[PDB]
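In: model this:
(one chain, ligands or ions: 3)
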Amino acid sequence: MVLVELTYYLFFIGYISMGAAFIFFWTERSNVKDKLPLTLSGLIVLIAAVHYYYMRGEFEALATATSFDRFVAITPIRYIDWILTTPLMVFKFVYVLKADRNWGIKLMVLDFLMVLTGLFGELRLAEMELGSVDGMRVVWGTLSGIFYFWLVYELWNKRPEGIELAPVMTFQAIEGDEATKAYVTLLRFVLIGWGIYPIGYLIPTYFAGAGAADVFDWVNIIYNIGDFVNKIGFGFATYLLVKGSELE
Ligand SMILES: CCCCCCCC/C=C\CCCCCCCC(=O)OC[C@H](O)CO
Ligand SMILES: CCCCCCCC/C=C\CCCCCCCC(=O)OC[C@H](O)CO
Ligand SMILES: *C/C=C(C)/C=C/C=C(C)/C=C/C1=C(C)CCCC1(C)C
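Out: Numbering: from 1, shown residues only. Ligands and ions are numbered 1, 2, ... in the order given. Please find the structure below.
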């Protein structure tokens, strides 16, 4: 029961924290002339807050069902959230950087295909006999990982000069202008923050049997913490960076 209660309250912390972040970002856009980036940050957490509210209510509605049933009932809503918010996050980065728009469009397409193929593998769970590993689940997840690494490759290939993997992955304070620091920040969220999701995806793929009770609530805990870190953390990291870029 304690693992169920913890999962339940993490959904609550999620929608409260997303809503508080929305209020913050939406208020702070009144103090800037270029209101688009904070508008986008606010829309991302507002969308996530609405979906977390309903995910919490659905989780509670299935407190007497299996954790597998709780997971298959809730996760499609999480993918709808991912499919709406992650293109907005990519567009916001490309916009603030003033990057090539056609390059930005390709990044958004790769992100969309990443989430969409992942969704196809999620939909295989309800058609799975447990103890078995589903072929299409592994194929869709692999293709989703390919779109993710394709996205990572494009971001890495365009990184500012001097940026190396070890300083990025070890959270070194990197020197440069706002564009360089903003690029390093995005790389860290995509390479480290976004890597939590494929790890969670591995659990319903290969560990749904294996004698373990309640692996699926652990996957919800992993995804919930990932959403909190990736949406609120990236929103506030970029807000602080743009605030410090002012030359006036
Ligand atoms: C109730 C839930 C609260 C959850 C809160 C947990 C706090 C962090 C814990 C785990 C995240 C570890 C991985 C973090 C990966 C992203 C971090 C990142 O990208 O940092 C960039 C830096 O801030 C700019 O350069
Ligand atoms: C190389 C790839 C590594 C990827 C790592 C992915 C994340 C793994 C994390 C949690 C899964 C935990 C699953 C636990 C399954 C074993 C539990 C168990 O054996 O329970 C026995 C039962 O009590 C009587 O048979
Ligand atoms: C706000 C929500 C965010 C940033 C969600 C990000 C989700 C991912 C990066 C998901 C990645 C996946 C793979 C790389 C392969 C396995 C399937 C996914 C969809 C979990």
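
In: Not counting sequence-adjacent ones, nearest residue to residue 67?
Out: With CB to CB, 6 or more residues apart in numbering as the criterion, residue 67 has its nearest non-adjacent residue at 4.1 Å, and that residue is residue 216. C-betas here are computed from N, CA, C, even on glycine.

In: now do residue 230
Out: residue 193 (4.6 Å).

In: for that neighbour, phi and psi?
Out: phi -60, psi -50 (degrees, to the nearest 10).

In: likewise the one 4 residues further on?
Out: Note on residue 197: its backbone torsions stand at phi -70, psi -50 [degrees, to the nearest 10].

In: what do you get for residue 247?
Out: The phi/psi pair for residue 247 (degrees, to the nearest 10) is phi -80, psi -10.

In: near ligand 2, which residues of the protein show up?
Out: By CB under 6 Å from any ligand atom, the residues of the chain that approach ligand 2 are 199, 202, 203, 207, 210, 211, 212, 215.

In: So residue 234 versus residue 217, what's the distance?
Out: 26 Å (CB to CB, to the nearest Å).

In: Next: residue 72.
Out: 13 Å.

In: ok, now residue 88?
Out: For residue 88, the distance to residue 217 - CB to CB - is 28 Å.

In: Pick out whichever of these two has more residues nearby.
Out: Applying other CB atoms under 10 Å to residue 88 and residue 217 shows that residue 217 carries more neighbours, namely 21 against 17.

In: Pretty sure the more buried one sits against residue 7.
Out: Yes. With contact defined as CB atoms under 8 Å, residue 217 counts as touching residue 7 (4.5 Å).

In: what do those two both touch?
Out: Overlap of the contact sets of residue 217 and residue 7 (by CB atoms under 8 Å, 6 or more residues apart in numbering) is empty.

In: Identify the residues contacting residue 147.
Out: 110, 111, 113, 114, 117.

In: Sort out which one of the residues you listed lies nearest residue 128 for me.
Out: Within the contacts of residue 147, proximity to residue 128 (CB to CB) peaks at residue 117, which comes in at 17.1 Å.

In: Near that closest one, how many other residues are there?
Out: With other CB under 10 Å as criterion, residue 117 counts 20.

In: Contacts only, for it.
Out: If a contact means CB under 8 Å, 6+ apart, then residue 117 has 140, 141, 143, 144, 147 as its contacts.

In: Spell out which parts of the protein neighbour ligand 1.
Out: Residues of the chain lying near ligand 1 (CB under 6 Å from any ligand atom): 10, 13, 184-185, 188-189, 192-193, 225, 228-229, 233, 237.

In: ok, 5 Å please
Out: Within the chain, the positions near ligand 1 by CB under 5 Å from any ligand atom are 13, 185, 188, 189, 192, 193, 225, 228, 229, 237.

In: Could you give the number of residues near the residue nearest to residue 67?
Out: 24.
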